[PDB]
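Undergrad: Next up, final20.pdb (PDB, C-alpha atoms).
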ATOM      1  CA  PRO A  10     -16.596  -4.931   6.435  1.00  0.00           C
ATOM      2  CA  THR A  11     -15.434  -7.858   4.281  1.00  0.00           C
ATOM      3  CA  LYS A  12     -11.713  -8.491   4.743  1.00  0.00           C
ATOM      4  CA  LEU A  13      -9.810  -6.758   1.937  1.00  0.00           C
ATOM      5  CA  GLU A  14      -8.398  -8.967  -0.785  1.00  0.00           C
ATOM      6  CA  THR A  15      -4.608  -9.145  -0.647  1.00  0.00           C
ATOM      7  CA  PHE A  16      -2.339  -9.026  -3.678  1.00  0.00           C
ATOM      8  CA  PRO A  17       1.354  -9.900  -4.000  1.00  0.00           C
ATOM      9  CA  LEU A  18       3.750  -7.000  -3.473  1.00  0.00           C
ATOM     10  CA  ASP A  19       5.096  -7.394  -7.022  1.00  0.00           C
ATOM     11  CA  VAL A  20       1.589  -7.097  -8.446  1.00  0.00           C
ATOM     12  CA  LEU A  21       0.777  -3.916  -6.513  1.00  0.00           C
ATOM     13  CA  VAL A  22       4.105  -2.377  -7.518  1.00  0.00           C
ATOM     14  CA  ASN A  23       4.223  -3.533 -11.126  1.00  0.00           C
ATOM     15  CA  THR A  24       0.781  -3.210 -12.619  1.00  0.00           C
ATOM     16  CA  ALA A  25      -0.227  -0.465 -15.033  1.00  0.00           C
ATOM     17  CA  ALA A  26      -2.697   2.007 -13.493  1.00  0.00           C
ATOM     18  CA  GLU A  27      -5.338   1.153 -16.093  1.00  0.00           C
ATOM     19  CA  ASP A  28      -5.015  -2.551 -15.226  1.00  0.00           C
ATOM     20  CA  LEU A  29      -5.123  -2.275 -11.446  1.00  0.00           C
ATOM     21  CA  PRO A  30      -7.788  -4.602  -9.940  1.00  0.00           C
ATOM     22  CA  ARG A  31     -10.960  -2.537  -9.478  1.00  0.00           C
ATOM     23  CA  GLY A  32     -11.154  -3.305  -5.756  1.00  0.00           C
ATOM     24  CA  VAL A  33      -7.819  -1.636  -4.973  1.00  0.00           C
ATOM     25  CA  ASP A  34      -7.827   2.051  -3.950  1.00  0.00           C
ATOM     26  CA  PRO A  35      -4.741   3.239  -5.905  1.00  0.00           C
ATOM     27  CA  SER A  36      -3.980   5.824  -3.227  1.00  0.00           C
ATOM     28  CA  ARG A  37      -3.890   3.170  -0.491  1.00  0.00           C
ATOM     29  CA  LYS A  38      -2.099   0.199  -2.029  1.00  0.00           C
ATOM     30  CA  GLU A  39      -0.546  -0.675   1.326  1.00  0.00           C
ATOM     31  CA  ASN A  40      -3.971  -1.700   2.628  1.00  0.00           C
ATOM     32  CA  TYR A  41      -3.988  -4.597   0.154  1.00  0.00           C
ATOM     33  CA  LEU A  42      -0.638  -6.067   1.106  1.00  0.00           C
ATOM     34  CA  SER A  43      -0.651  -9.139   3.329  1.00  0.00           C
ATOM     35  CA  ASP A  44       0.417  -8.405   6.906  1.00  0.00           C
ATOM     36  CA  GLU A  45       3.747 -10.112   6.132  1.00  0.00           C
ATOM     37  CA  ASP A  46       4.387  -7.908   3.098  1.00  0.00           C
ATOM     38  CA  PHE A  47       3.364  -4.736   4.935  1.00  0.00           C
ATOM     39  CA  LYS A  48       5.833  -5.564   7.726  1.00  0.00           C
ATOM     40  CA  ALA A  49       8.617  -6.337   5.223  1.00  0.00           C
ATOM     41  CA  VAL A  50       8.021  -3.219   3.144  1.00  0.00           C
ATOM     42  CA  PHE A  51       7.412  -0.639   5.853  1.00  0.00           C
ATOM     43  CA  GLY A  52       8.986  -2.057   8.997  1.00  0.00           C
ATOM     44  CA  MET A  53       6.365  -0.539  11.298  1.00  0.00           C
ATOM     45  CA  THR A  54       2.776  -1.335  12.230  1.00  0.00           C
ATOM     46  CA  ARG A  55      -0.139  -0.335  10.021  1.00  0.00           C
ATOM     47  CA  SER A  56      -1.368   2.102  12.658  1.00  0.00           C
ATOM     48  CA  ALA A  57       2.069   3.688  13.070  1.00  0.00           C
ATOM     49  CA  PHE A  58       2.216   4.195   9.303  1.00  0.00           C
ATOM     50  CA  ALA A  59      -1.310   5.680   9.288  1.00  0.00           C
ATOM     51  CA  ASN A  60      -0.223   8.132  11.993  1.00  0.00           C
ATOM     52  CA  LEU A  61       2.515   9.615   9.787  1.00  0.00           C
ATOM     53  CA  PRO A  62       1.412  12.748   7.868  1.00  0.00           C
ATOM     54  CA  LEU A  63      -0.220  11.803   4.548  1.00  0.00           C
ATOM     55  CA  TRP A  64       2.587  13.373   2.543  1.00  0.00           C
ATOM     56  CA  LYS A  65       5.155  11.268   4.404  1.00  0.00           C
ATOM     57  CA  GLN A  66       3.171   8.062   3.829  1.00  0.00           C
ATOM     58  CA  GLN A  67       3.090   8.972   0.127  1.00  0.00           C
ATOM     59  CA  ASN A  68       6.762   9.869  -0.065  1.00  0.00           C
ATOM     60  CA  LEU A  69       7.793   6.577   1.542  1.00  0.00           C
ATOM     61  CA  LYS A  70       5.533   4.746  -0.895  1.00  0.00           C
ATOM     62  CA  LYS A  71       6.869   6.574  -3.965  1.00  0.00           C
ATOM     63  CA  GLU A  72      10.361   5.144  -3.610  1.00  0.00           C
ATOM     64  CA  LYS A  73       8.890   1.717  -2.905  1.00  0.00           C
ATOM     65  CA  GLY A  74       6.793   1.772  -6.082  1.00  0.00           C
ATOM     66  CA  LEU A  75       3.501   1.898  -4.180  1.00  0.00           C
ATOM     67  CA  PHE A  76       2.430   5.495  -4.912  1.00  0.00           C
TER      68      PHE A  76
END
Transcribe the structure of this file into structure tokens.
TA:
Amino acid sequence: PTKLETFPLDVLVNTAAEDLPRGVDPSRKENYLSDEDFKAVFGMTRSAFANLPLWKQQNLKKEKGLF
């Protein structure tokens, strides 16, 4: 599929739900971070993060303003 559009970390964290770009799945904001931002925010690979239980992915994101 087409490579996902990336958005700055500050935009994904600080945008009202109603104003979120239509192409962003609000439950998977991490997928729209650049690889650099994902690494800075989570400190692990995308696949390692995806292997954590869903509730743990969400809980980590909540504190980080991404869920």
Undergrad: Go ahead and find all residues with at least one atom no further than 12 Å from (9.9, -4.5, 3.2) in the file's coordinates, using only C-alpha atoms; report them as number ranges by chain.
TA: A: 18-19, 39, 42-54, 69-70, 72-75
Undergrad: Please evaluate the PyMOL selection byres ((chain A and resi 38) around 9) against the structure above and give the resulting residues as a PyMOL selection string.
TA: chain A and resi 21-22+33-37+39-42+70+75-76
Undergrad: By how many Å are atom CA of residue 67 of chain A and atom CA of residue 55 of chain A apart?
TA: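 Going from atom CA of residue 67 of chain A over to atom CA of residue 55 of chain A covers 14.0 Å.
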Undergrad: Expressed in Å to a single decimal, how great is the separation between atom CA of residue 58 of chain A and atom CA of residue 10 of chain A?
TA: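 We find that atom CA of residue 58 of chain A and atom CA of residue 10 of chain A lie 21.1 Å from each other.
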Undergrad: Step by step, gather every atom of segment 60-70 of chain A that the file lists, find the box along x, y and z that holds them, add 3 Å on each side, and finally give centre and edge lengths in Å to one decimal, as JSON.
TA:
{"center_x": 3.8, "center_y": 9.1, "center_z": 5.5, "size_x": 14.0, "size_y": 14.6, "size_z": 18.9}
Undergrad: For atom CA of residue 32 of chain A and atom CA of residue 20 of chain A, quote the distance in Å rounded to one decimal.
TA: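 Separating atom CA of residue 32 of chain A from atom CA of residue 20 of chain A is a distance of 13.6 Å.
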